[PDB]
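Q: Only the shape, not the letters, is given here:
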């Protein structure tokens, strides 16, 4: 609804997600369970509380 999935950059610790044909970039954050730990890992941005998780599980 207000969540967008994408993939994270290990080097940049960011999540890139697509919305309406437009890429957006958001900081994964520094928490050990939120930062990007593996390049291209599934990540999700929650628009509502402006939350990011770059360790989205399967």
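A: Alright, I've got the coordinates. Residues are numbered from 1 along each chain as shown.

Q: how many neighbours does residue 12 have?
A: Look at residue 12: counted by other C-beta atoms under 10 Å, it has 13 neighbours. C-beta coordinates here come from the backbone N, C-alpha and C atoms, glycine included.

Q: actually residue 15, not the one I wrote
A: Residue 15, neighbours per other C-beta under 10 Å, totals 28.

Q: what residues are up against it?
A: Contacts for residue 15 (C-beta atoms under 8 Å, 6 or more residues apart in numbering) come out as 6-8, 25-28, 36, 43-45, 52, 54.

Q: What distance do you get for it to residue 29?
A: Distance, residue 15 to residue 29, using C-beta to C-beta, to the nearest Å: 10 Å.

Q: hang on, isn't residue 44 packed against residue 57?
A: No: judged on C-beta atoms under 8 Å, residue 44 makes no contact with residue 57 at a distance of 10.4 Å.

Q: So those two - more neighbours on which side?
A: Shown here are residue 44 and residue 57; by other C-beta under 10 Å, residue 44 has more neighbours (17 against 6).

Q: can you tell me which residues contact that one?
A: So residue 44 contacts 3, 4, 5, 6, 15, 17, 52, 53, 56 (C-beta under 8 Å, 6+ apart).

Q: Helix, strand or coil: sort out it for me.
A: strand (DSSP: H, G, I helix; E, B strand; the rest coil).

Q: beta partners of it?
A: Counting by DSSP bridges, residue 44 is bridged to residue 5, residue 53.

Q: burial count for residue 37?
A: Count around residue 37 with other C-beta under 10 Å applied: 14.

Q: and the closest residue to residue 42 other than its chain neighbours, what is it in contact with?
A: Excluding its sequence neighbours, the residue lying closest to residue 42 (C-beta to C-beta, 6 or more residues apart in numbering) is residue 56, at 4.1 Å. Residues in contact with residue 56 (C-beta under 8 Å, 6+ apart) are 5, 41, 42, 43, 44.
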